[PDB]
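If you want the building blocks of each chain, they are given just below.
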Amino acid sequence: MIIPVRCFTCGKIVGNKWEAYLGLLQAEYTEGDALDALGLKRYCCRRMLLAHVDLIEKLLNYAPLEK
Amino acid sequence: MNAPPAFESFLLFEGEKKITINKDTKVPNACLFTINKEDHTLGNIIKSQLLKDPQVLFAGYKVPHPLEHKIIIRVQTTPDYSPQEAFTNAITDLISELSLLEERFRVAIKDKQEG
Amino acid sequence: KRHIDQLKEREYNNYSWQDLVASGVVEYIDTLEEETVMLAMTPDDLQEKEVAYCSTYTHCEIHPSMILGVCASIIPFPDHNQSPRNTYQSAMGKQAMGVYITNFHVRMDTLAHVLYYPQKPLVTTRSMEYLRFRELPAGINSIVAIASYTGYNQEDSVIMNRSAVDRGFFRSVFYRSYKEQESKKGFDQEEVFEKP
Amino acid sequence: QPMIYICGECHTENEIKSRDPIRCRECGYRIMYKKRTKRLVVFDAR
Amino acid sequence: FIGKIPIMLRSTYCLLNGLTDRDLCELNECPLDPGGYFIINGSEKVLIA
Amino acid sequence: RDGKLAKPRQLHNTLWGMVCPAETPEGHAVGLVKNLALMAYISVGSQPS
Amino acid sequence: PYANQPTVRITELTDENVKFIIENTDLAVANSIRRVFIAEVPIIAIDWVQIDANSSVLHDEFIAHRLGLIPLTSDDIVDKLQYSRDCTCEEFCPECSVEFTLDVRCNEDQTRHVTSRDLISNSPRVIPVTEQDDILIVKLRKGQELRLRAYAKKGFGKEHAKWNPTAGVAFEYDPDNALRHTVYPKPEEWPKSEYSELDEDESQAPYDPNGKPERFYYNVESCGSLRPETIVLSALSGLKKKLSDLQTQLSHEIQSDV
Amino acid sequence: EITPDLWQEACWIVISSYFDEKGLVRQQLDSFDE
Amino acid sequence: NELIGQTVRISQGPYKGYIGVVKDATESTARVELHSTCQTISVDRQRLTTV
Amino acid sequence: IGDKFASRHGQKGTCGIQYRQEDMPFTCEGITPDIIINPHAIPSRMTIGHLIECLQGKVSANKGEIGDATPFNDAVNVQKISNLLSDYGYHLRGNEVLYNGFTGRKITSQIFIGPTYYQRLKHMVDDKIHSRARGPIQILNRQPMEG
Amino acid sequence: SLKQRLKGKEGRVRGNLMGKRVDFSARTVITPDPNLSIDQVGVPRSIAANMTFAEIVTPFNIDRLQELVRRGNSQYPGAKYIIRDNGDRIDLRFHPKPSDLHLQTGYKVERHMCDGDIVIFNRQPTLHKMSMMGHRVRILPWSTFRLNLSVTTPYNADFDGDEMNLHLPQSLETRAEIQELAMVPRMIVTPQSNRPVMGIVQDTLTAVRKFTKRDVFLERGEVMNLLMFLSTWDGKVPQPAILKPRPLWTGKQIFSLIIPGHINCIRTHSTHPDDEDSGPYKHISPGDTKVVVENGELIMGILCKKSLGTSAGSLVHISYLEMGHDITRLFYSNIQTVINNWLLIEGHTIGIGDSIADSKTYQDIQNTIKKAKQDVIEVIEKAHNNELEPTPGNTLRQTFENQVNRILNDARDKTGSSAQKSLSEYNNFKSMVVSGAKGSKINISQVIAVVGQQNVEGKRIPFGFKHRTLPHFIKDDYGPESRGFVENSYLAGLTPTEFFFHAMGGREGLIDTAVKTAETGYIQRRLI
RNA sequence: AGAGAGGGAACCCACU
Ligand SMILES: [Mg+2]
Ligand SMILES: [Zn+2]
Ligand SMILES: [Zn+2]
């Protein structure tokens with residue numbers, strides 16, 4: 001759903017990279033260029049953003065039950 | 001449900017001895033050192049240091065089970081030399097070399113950060 | 001090529017699949033008609049001149065990957081596997097935990113299995129784009145190592161990483177609903193919700 | 001003594017009574033959602 | 001009035017036919033749901049061919 | 001179910017492209033219960049007039 | 001019969017990682033130092049989360065989990081903090097904990113990102129690490145909110161992975177396997193390591209039977225909770241402390257036997 | 001003209017068109033509709 | 001007992017800081033249903049502090 | 001442990017044990033496995049696609065693109081995958097020198113490693129574990145209950 | 001009706017009198033554990049804290065049982081029921097007054113089971129007596145039944161979601177009966193084929209096959225680490241096989257330390273040449289493929305599944321007969337522990353590099369496929385022109401079918417042989433096949449060279465359509481590819497028509513597996 | 001300090 005805070009294998013802090021990753025994607029970069037522009041050398045840290053699906057944006061369309 | 005609490009790896013309890021010495025009876029001058037609430041991150045170094053003594057005839061360690069936090073270090077030394085003395089010398093040698101390593105790392109940090 | 005040009009620019013030309021059916025390019029062939037059709041597998045091989053096989057093709061398969069089902073389409077390289085393994089994966093694929101629906105917070109489903117951080121597969125098929133498996137995935141990409149070890153991955157078992165699990169690796173959440181209503185009856189037994 | 005329920009589609013809150021038919025006052029929506037408990041919750045961050 | 005007959009979702013006689021995804025999210029129904037199932041006593045039923 | 005014969009359960013040649021060859025319940029319902037292929041479509045039928 | 005003298009040669013020192021070489025020491029000592037990097041280094045991480053209110057799409061325990069893995073600046077406080085279970089306080093105090101407060105309600109049509117910046121500490125030193133953007137905790141729709149008080153306590157990597165200060169600890173010895181510990185079937189296909197010193201004509205170094213593992217290469221990349229060099233300093237101090245306590249119990253047992 | 005070797009990316013365009021036009025459950029919905 | 005069904009807080013020991021509900025209680029010990037973990041553990045009454 | 005995980009190739013299996021990061025093996029870099037599977041699960045089941053998925057996973061995660069795994073392609077075979085992997089400083093066939101997590105001595109064999117896609121199945125062990133001792137008893141006959 | 005209530009498999013006679021629900025039983029998933037003995041099962045605490053053993057209060061255990069009663073229930077060592085002399089039950093879970101918690105000689109205490117208690121462990125299809133054996137309880141934290149590796153073979157449990165049933169003998173008399181009859185040390189050799197059923201399982205077998213090779217040498221530190229795990233080691237480090245340059249123990253010396261007592265066996269390795277015992281070197285094996293264990297010490301040979309497996313006359317069978325049965329239990333435990341702990345140093349894997357042959361082998365495979373395909377085509381053109389003559393005993397079509405199947409089978413065998421001559425002795429497929437732990441030569445041939453002919457009901461793929469197998473083939477096409485022969489391998493991947501025919505073969509296999517079970521079970525029930 | 005439990009039958013999906 002939401003981006004994990006840490007890479008599962010390393011523990012590298014990847015939760016702060018997602019919005020910048022989207023910004024680099026919409027700035028006409030390739031996904032690999034965006035990944036190592038954010039500074040992710042190990043591929044286990046690269047799969048955290050390369051294969052993430054931001055489902056919480058789908059979850060936010062519904063009106064909150066409690067109000 | 002049956003998940004052991006996370007502090008079972010390193011925290012002892014009332015009635016638990018950190019180290020237990022049992023004199024081996026199969027061969028002369030041999031002892032089993034049962035260390036409670038430890039893992040390879042102690043026994044491996046202890047075994048490596050005990051292999052550097054010219055008076056230790058056997059230096060090994062094993063975990064009975066990875067889910068139960070205890071190790072047994074078997075030490076057989078040459079006669080006239082107690083295995084407990086070898087153990088307490090290995091610990092002191094490890095402390096000495098680690099303190100020297102820490103001081104040299106401090107010196108290296110001072111060299112690197114100040115050019 | 002003009003069909004592809006008009007088909008790439010959808011939502012602009014309003015050129016749909018039905019327009020291509022109306023164009024006399026594709027048509028639906030049933031099982032009876034397959035007995036009387038010469039079917040080309042792929043055009044890059046079965047329409048160029050060679051030592052000719054038949055040279056009398058009537059229809060051409062769109063893509064061979066469309067012979068598979070919904071659960072056999074999420075298997076990467078299914079032709080490299082063995083068929084019983086593909087069948088067993090087809091059985092397991094309808095069982096993987098994941099976000100089964102987008103509005104799961106509203107649904108009072110019994111036995112709702114959802115996942116913390118589902119991921120799309122790094123190794124995917126083209127058919128997952130049409131099952132929308134990249135939008136409601138089921139599973140996490142994991143750095144696996146195929147190694148003999150201490151002896152706990154012995155007979156169809158796997159050794160996991162405790163630190164990774166502590167970082168939210170496959171940590172799921174299980175919802176279970178309980179329904180109950182009272183019954184207004186002929187005054188002999190009358191259920192009512194109250195603190196006993 | 002009255003229990004406060006959140007009125008489903010309305011997302012507003014209202015009181016309820018024992019042996020009271022479940023109805024909202026805004027549009028009579030039948031589905032009520034009970035408010036979150038007032039007692040403390042503590043979660044180990046593990 | 002003859003009687004009530006069940007309707008499978010996403011039909012031409014269901015309420016949410018041709019509704020946009022925003023309208024579906026307003027109805028607490030996801031656009032991802034393919035429909036094709038009946039709601040009988042709150043239980044989702046699938047007619048196996 | 002529980003029939004010792006195999007012809008109603010086997011993967012016939014005419015299952016190509018219409019029904020998935022791999023997906024099936026591997027219990028006592030092998031081949032009997034099947035899953036439709038992706039592009040396969042069941043003709044809803046029209047009048048012959 | 002005694003310990004060899006090790007030496008340290010640091011190749012680079014950055015705010016993220018430290019790369020150094022330890023020579024003239026045993027393999028078990030080197031591996032333990034790496035394991036103490038991963039596990040035995042104590043840092044400050046959130047462990048006690050009290051959710052006052054929550055209306056977000058993510059449930060309470062999911063938010064508490066995400067608050068756990070957030071790194072905290074513990075460069076000098078972790079040496080002063082006692083372990084929470086060891087303190088004689090009334091089950092919480094500023095000597096074994098750091099208080100954090102989050103109070104966010106979304107009152108706008110834009111999706112409001114509750115990031116790590118909204119975590120407000122009472123201790124100015126212990127703050128979330130986040131040039132770089134903040135760590136996204138939870139997104140909020142209009143009308144949703146979350147209020148919580150989080151206590152962070154001292155702990156190390158054995159207890160939980162949220163007390164792990166290292167992003168990655170690369171460790172390798174004998175990059176051209178002159179010891180031949182690993183046996184390549186076809187060494188031509190194998191890429192050379194970063195520390196290889198053989199010409200491109202040669203694949204692997206000749207074997208020597210009298211050699212031993214030495215000159216260990218480390219690449220300790222921190223996650224931001226600690227500076228990469230204080231991870232090593234705390235690790236060496238922690239390993240020495242563990243051996244000292246083991247010696248103290250050893251002395252007690254020996255005196256008990258005699 | 002024809003698609004000589006860009007057919008690999010041309011076939012999946014028509015697959016996408018089919019599944020955007022029809023969908024995965026046309027059998028159930030069309031059968032109940034008729 | 002009086003402690004049954006009372007939200008308690010372990011104020012001493014390895015489980016310090018955990019909020020739970022007392023399921024069973026004795027003169028010596030009491031079982032606490034932890035709100036965080038999926039586990040019920042027993043601790044001394046001297047280590048418990050009610051809310 | 002006991003929780004039932006599975007690959008995308010019918011390679012199911014329960015969790016045998018969970019080691020911490022310091023006990024798990026590691027490469028020349030700091031990468032440790034998340035899952036360690038049995039080498040003996042491959043040869044008789046013959047899931048070579050699992051190995052190819054792992055190899056393509058390494059290529060995809062290094063290249064920075066979601067790899068393609070359509071069955072009948074002829075544009076992607078194992079040799080092309082190996083040639084693409086070789087450019088990123090790895091072995092041709094995905095093998096990588098793992099260092100032992102306990103002793104630190106590098107493993108003599110070269111362990112095949114890389115990212116696959118694993119699925120957690122609905123079957124836990126908490127949902128299946130149950131014991132009983134003179135509990136509820138049926139009324140038709142005085143035998144224990146079912147389930 | 002009453003007759004319907006009695007006549008069924010869910011009635012009174014079978015469903016209630018023969019097989020009935022029983023108290024004191026647990027059912028949970030099993031996960032492997034190689035660090036406990038073969039007669040030990042690792043049960044969870046929550047299971048042990050719910051199943052009780054009625055221990056009689058005697059002056060020997062009165063203080064221990066008193067302390068357990070003082071703990072009460074849910075203090076795991078404690079108990080839940082205390083039974084009076086007149087059969088009166090007193091609860092310990094409801095915390096009675098401390099006055100009636102005394103113990104005098106004669107009381108019963110239903111205490112939570114601890115380590116060393118005996119339980120019955122069984123899987124469901126109890127087709128033989130080794131599918132239901134007695135184990136000793138070991139309390140391990142997590143919530144699974146941790147049982148050993150070698151007990152998998154008699155149970156046929158492959159840990160992939162398997163859950164087992166664990167019964168607890170309540171009486172002391174039946175506890176001794178299970179200990180003296182149904183112990184897994186006492187159920188090593190089966191009576192059905194006078195051979196062991198335990199054997200050595202896959203990973204330990206491969207690691208011990210690589211361990212006992214001639215070129216395996218161990219440093220002193222590694223030797224001490226390995227010898228630490230021997231339960232039957234008398235504390236004497238053996239003299240090294242290499243003294244002066246780099247004191248280096250051979251793995252056979254450590255395995256000789258494993259081998260108990262003084263047993264003598266002569267076995268042959270799986271890859272022992274049959275022409276080796278004819279000429280010279282019949283006693284000094286150049287390939288080290290002649291297993292000789294002599295005076296309790298492994299002289300030579302590499303131990304494959306024909307040495308340590310379930311085959312009759314193996315090392316374990318002789319260890320059971322010449323030595324005791326407790327000694328064989330120690331033998332199994334020592335093998336598993338020390339070989340696994342050496343496997344940590346060695347390491348064993350499998351990968352895509354083990355499934356790829358060099359280009360010369362691929363050229364040989366493709367040349368063989370092309371030659372066989374052209375041979376089939378020319379046989380077809382002979383059959384069309386009536387130049388094929390019928391074999392005496394069958395029709396002309398079958399003389400043709402026999403010729404085509406013979407050619408394709410010859411192609412499959414030749415390609416498989418040419419593929420399995422190019423493993424280079426480090427291929428892990430060969431490592432598992434030679435040891436016999438998992439797989440065979442056919443799997444190597446299908447992965448590397450060619451899958452082979454696909455069959456349905458013992459013959460080729462039938463003409464489901466009108467005189468053609470698939471709509472992509474011309475009518476009346478009796479060629480290799482049209483009729484189901486797959487010339488590709490699992491490494492290269494299958495074409496869609498070959499994929500469909502391969503799915504047909506897999507479907508036939510699954511149908512056989514799914515239909516066989518009920519008939520076999522009914523035959524077993526009638527026989528018993 | 002007040003201490004036991006009940007439903008029952010039918011039919012679907014999987015699990016080894
Ligand atoms: Mg099984
Ligand atoms: Zn309202
Ligand atoms: Zn304090």
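Each value, and the rule that gives it
- Along each chain, numbering proceeds from 1 in written sequence order. Entry numbering may differ, and residues lacking coordinates are not shown.
- Here chains are named by letter from A upward and ligands by number from 1 upward, in the order in which they appear as written.
- What you see is a piece of a larger assembly; the numbers all apply to this piece alone.
- Only hydrogens and water are set aside; all other atoms, that is, all heavy atoms of the structure, feed into the side-chain values.
- UniProt positions are given in the numbering used here, feature names are shortened, and annotations may be inferred rather than shown by experiment.
- What makes a residue near a molecule or strand is one non-hydrogen atom of that residue sitting within 4 Å of it.
- Definition of a polar contact: a pair of N or O atoms within 3.5 Å, with one able to donate and the other able to accept a hydrogen when the atoms are protein atoms, and with sequence-neighbouring residues admitted only if both atoms are side-chain atoms.
- Each residue receives one of three labels: charged for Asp, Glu, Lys and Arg, nonpolar for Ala, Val, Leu, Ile, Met, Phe, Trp, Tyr, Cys and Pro, and polar for the others, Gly being one of them.
- The rule for pairing is simple: two strands pair if DSSP sees at least two bridges between them.
- Under the DSSP-based scheme used, a helix requires at least four consecutive residues in state H or I and a strand at least two consecutive residues in state E, with every element numbered from the N terminus.
- The angle between two axes is taken between their N-to-C directions and runs from 0 to 180 degrees, where each axis is a line fitted to C-alpha atoms and a helix contributes only its stretch in contact.
- Working rule for contacts: check all heavy atoms of both residues, and any pair within 4.5 Å makes them a contact.
- Accessible-area loss on putting two parts together, using a 1.4 Å probe and summing over both, is the definition of buried area adopted here.
- Salt bridges are identified by distance alone: a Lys or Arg side-chain nitrogen within 4 Å of an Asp or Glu carboxyl oxygen.
- Each patch is built from residues that are more than 30% exposed by relative accessible area and take part in no salt bridge. Like charges join if they lie within 9 Å; nonpolar side chains (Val, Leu, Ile, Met, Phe, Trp, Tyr) join within 5 Å.
- Computed with the Shrake-Rupley method and a 1.4 Å probe, the accessible areas treat only the protein chains shown as cover for residues.
- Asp and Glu are treated as the negative residues and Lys and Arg as the positive ones, with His and the ends of the chain left uncounted.
- Charge coordinates come from a single atom per side chain, which is NZ of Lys, CZ of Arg, CG of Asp or CD of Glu.
- Remark: exposure states derive from per-residue accessible area (1.4 Å probe, protein chains only) relative to the maximum for the residue type, with buried under 20%, exposed over 50%, and partly exposed in between.
- Keep in mind that water is not among the atoms, so a site may look incomplete; donors are the N, O and S atoms within 2.8 Å of the metal, or 3.2 Å for Na, K and Ca.
- Working rule for geometry: tetrahedral if four donors all subtend angles between 85 and 135 degrees; square planar for four, octahedral for six, if opposite donors exceed 155 degrees and the others stay between 65 and 115; irregular in every other situation.

Taken directly from UniProt, the Subcellular location (unreviewed entry) text for chain A runs: "Nucleus".

## A short note on the protein's contact with RNA strand L
As a matter of local geometry, RNA strand L sits amid 14 residues, with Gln95(C), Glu26(F), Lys4(J), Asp160(K) and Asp162(K) nearest to it. Among the atoms of RNA strand L close to the protein, meaning within 4 Å, 85% are from sugar or phosphate groups. Measuring from a sugar or linking oxygen of RNA strand L, one finds a side-chain N or O atom of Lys4(J) at 3.1 Å. Within the contact set of RNA strand L, a sugar or linking oxygen lies 3.2 Å away from a side-chain nitrogen or oxygen of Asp160(K). Partitioned by chemical class, the residues of the surface near RNA strand L number five nonpolar, two polar and seven charged.

## Describing the sheet that holds strand β2 (residues 17–23) of chain G
In spatial order, the strands read β1-β2-β10-β9 (chain G); together these four strands make up an open sheet with antiparallel pairing. Edge strands, defined here as strands with exactly one partner in the open sheet, are β1 (7–13) and β9 (166–172) of chain G. Put simply, the sheet's adjacent strands are angled 20 degrees from each other on average, direction ignored. In terms of strand pairing, β9(G) meets strand β10 (residues 216–222) of chain G through six bridges, oriented antiparallel. Bridge pairing in β10(G) places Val169(G) opposite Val220(G). The sheet strands contacting helix α2 (residues 83–113) of chain B are β1 and β2 of chain G, and the helix crosses β1(G) at an angle near 35 degrees. Contacting β2, β9 and β10 of chain G, helix α1 (residues 27–40) of chain G crosses the sheet at an angle of about 170 degrees to β9(G).

## A look at the interface of chain C and chain J
Residue-level contacts link 66 residues of chain C with 73 residues of chain J. Approximately 6,600 Å² of surface area, both sides summed, lies buried where chain C meets chain J, with 60% of it carried by carbon and sulfur atoms. Counting every contact that joins chain C to chain J gives two salt bridges. Of the charged contacts, one joins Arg126(C) and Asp68(J) as a salt bridge, the two residues approaching to 3.5 Å between their closest N and O atoms. There are 42 residue pairs in polar contact connecting chain C and chain J. Elements that contribute at least two residues to the side of chain C that touches chain J include exactly α5 (83–93), β4 (123–124), β5 (140–148), β6 (157–161), α7 (162–166) and β7 (172–175) of chain C. Looking at the side of chain C that touches chain J, the element that brings in the most residues is β5(C), giving nine residues.

## Concerning a negative patch on the surface
A surface patch of like charges, here negative, comprises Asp44(C), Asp45(C), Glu48(C), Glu50(C), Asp5(H) and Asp74(J). Counting through the fold element by element, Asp45(C) comes out in helix α4 (residues 43–46). Judged by relative accessible area, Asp45(C) falls into the partly exposed class, the value being 38%.

## Regarding the coordination of the zinc ion (ligand 3)
All names here are of chain G. Here the zinc ion (ligand 3) is held by the protein donor atoms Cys87 (SG), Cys89 (SG), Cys93 (SG) and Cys96 (SG), which lie 2.3 to 2.4 Å from it. Classification of the site at the zinc ion (ligand 3) rests on its four donor atoms, whose angles at the metal span 101 to 117 degrees, yielding the label tetrahedral. Sequence spacing of the donors to the zinc ion (ligand 3): C-x1-C-x3-C-x2-C. Comparing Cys87 with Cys89 shows no difference in burial state: the two are buried.

## Description of the pattern of salt bridges
This structure, assessed with the given rule, holds 77 salt bridges over all chains. For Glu221(G), the salt bridge is made with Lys12(A), and the minimal N-O distance between the two is 3.8 Å. Here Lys12(A) lies in the segment before α1 (18–26) and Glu221(G) lies in strand β10, a pairing that spans two chains. You'll find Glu221(G) and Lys12(A) in the same group, each marked buried.

## Overview of the arrangement of the chains
When the 29 pairs of chains in contact are ranked by number of contacts, first place goes to chains C and J. No part of chain D reaches chain H; the closest C-alpha pair between them is 28 Å apart. As for chain J relative to chain D, no contact occurs, and the smallest C-alpha gap between them is 14 Å.

## Examining the coordination of the zinc ion (ligand 2)
Reference geometry at the metal: tetrahedral coordination by four donors gives ideal angles of 109.5 degrees; octahedral coordination by six donors gives 90 or 180 degrees. All names here are of chain D. Around the zinc ion (ligand 2), the donor atoms from the protein are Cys10 (SG) and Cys24 (SG), and they sit 2.3 Å away. With a gap of 14 residues between them, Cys10 in the loop between β1 (3–6) and β2 (13–16) and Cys24 in the loop between β2 and β3 (33–34) connect regions that are remote in the sequence. What makes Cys10 partly exposed here is its relative accessible area of 22%.

## Remarks on the interface of chain I and chain G
Taken residue by residue, the interface counts seven residues in chain I and 11 residues in chain G. Roughly 740 Å² is buried in total at the junction of chain I and chain G, and carbon and sulfur atoms are behind 41% of that figure. Taken together, the links from chain I to chain G amount to one salt bridge. Close ionic contact of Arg9(I) with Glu91(G) constitutes a salt bridge, the shortest N to O distance being 2.9 Å. Its residues assigned to classes, the side of chain I that touches chain G comprises one nonpolar, four polar and two charged.

## Examining the sheet that holds strand β4 (residues 70–77) of chain B
All names here are of chain B. Overall, antiparallel pairing links the four strands, which are arranged β1-β2-β4-β3 in an open sheet. The two strands at the open ends of the sheet, each matched to only one other strand, are β1 (19–23) and β3 (56–62). Pairwise comparison of adjacent strand axes, ignoring direction, gives a mean angle of 15 degrees for this sheet. Bridge count between strand β2 (residues 30–36) and β4: seven bridges; the pairing is antiparallel. Within β4, the position partnered with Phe33 by the bridge is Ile73.

## Observations concerning the side chain of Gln21(J)
Residue placement: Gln21(J) occurs in the loop between β2 (12–19) and β3 (35–37). With relative accessibility at 3%, the residue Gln21(J) sits in the buried group. The contact partners of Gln21(J), leaving out residues within four places of it in the chain, are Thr9(A), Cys10(A), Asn161(C), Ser163(C), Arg167(C), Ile38(G), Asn164(G) and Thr32(J).

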